[PDB]
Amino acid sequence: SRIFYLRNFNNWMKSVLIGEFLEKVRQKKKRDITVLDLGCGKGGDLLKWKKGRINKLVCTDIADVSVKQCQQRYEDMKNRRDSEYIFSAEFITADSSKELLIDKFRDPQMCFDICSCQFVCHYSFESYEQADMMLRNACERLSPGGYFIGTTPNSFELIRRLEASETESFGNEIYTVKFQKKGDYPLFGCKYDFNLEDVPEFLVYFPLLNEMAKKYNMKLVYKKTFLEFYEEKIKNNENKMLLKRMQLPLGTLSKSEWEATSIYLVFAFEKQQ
């Protein structure tokens, strides 16, 4: 109702992102696709992976109830009738910032063509170790040429609104951000409250994320604001009538919705050879 169109939009953003890199993986002649969905939540991306026609998915999250719900929705998905091919799936409760996923994989030798981290990475920036660990978990088992893709708040946009504010808070009808306070932005542990009409988040300084990713032999493919990404993707009609069947620019979202969503960026990294 209130944020339905915002959610819809986020789903559309993820769809097109996931879509783009599934094709890139396939154009490198990769037949059977293996994917790690890191911080999978309740399975909002299950259907995107099913229509990407991947062969194996690992869903993991720190919240077990979410993992279990993700599993049940998966069970329902291919207990549908005359349901075309579905990936095999593996479900793991774990803190991907404090625990090594390879130690919990049923198959410890397993590799991935894509790690998808959607609206997750920023939780790991509580400390250097947690950040490095989530990056490791996202990137260590990636095959060369494989991709690390995701969505996280854009720190530049967050700071800009903070410093433009009369307080340590800012927002509108839809969202509210509250810093522990402005002027002080440590690389790790920069805490702010994020309210979508409620969970603590950490600032992700992207040039820092870029450097730390190098440790795992990753090179940046691109980084784009939600706005830029939105503007580019709709010059292709497959995506736009996709968006309309799923149901600042004048543009598809109210000005307040645009303020909420324009907070985010999309990124992709590639595993080097």
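We number the residues from 1 along the sequence you see. Here the rigid core means the biggest group of C-alpha atoms that line up within 1.5 Å when the two forms are laid on top of each other.
- Structural divergence in 6 other deposited structures of this protein between 257-265 and 21-29: following superposition by the core, 21-29 has C-alpha atoms lying farther from the shown form.
- For the pair 234-242 and 56-64, greater average C-alpha departure from the shown form in 6 other deposited structures of this protein after core alignment is found in 234-242.
- When the other compared entries with both flanking residues are checked, residue 76 is modelled in all of them, not unmodelled in a third.
- Coordinates are absent for 10 or more residues of the deposited sequence placed between residue 247 and residue 248.
- Per the record, residue 197 and residue 198 are separated by a gap of 1 to 3 residues from the deposited sequence that were not modelled.
- The deposited model assigns a higher average Cα B-factor to 230-238 than to the other stretch when 230-238 and 38-46 are compared.
- On average the C-alpha atoms of 93-101 have higher B-factors than those of the other stretch, with 110-118 and 93-101 being the two compared.
- Per the deposited record, 82 carries the highest C-alpha B-factor of all listed residues (157, 82, 132, 126).
- Between the residues 214, 56, 30, 224, it is 30 that shows the highest Cα B-factor in the PDB record.
- Among the modelled residues of its chain, residue 3 has a C-alpha B-factor that falls in the highest third according to the deposited record.
- Residue 243 sits in the highest third of its chain by CA B factor, as recorded in the PDB entry.
- When all modelled residues of the chain are sorted by CA temperature factor, residue 88 is found within the middle third.
- Remark: residue 136 belongs to the lowest third of its chain, ranked by C-alpha B-factor as recorded.
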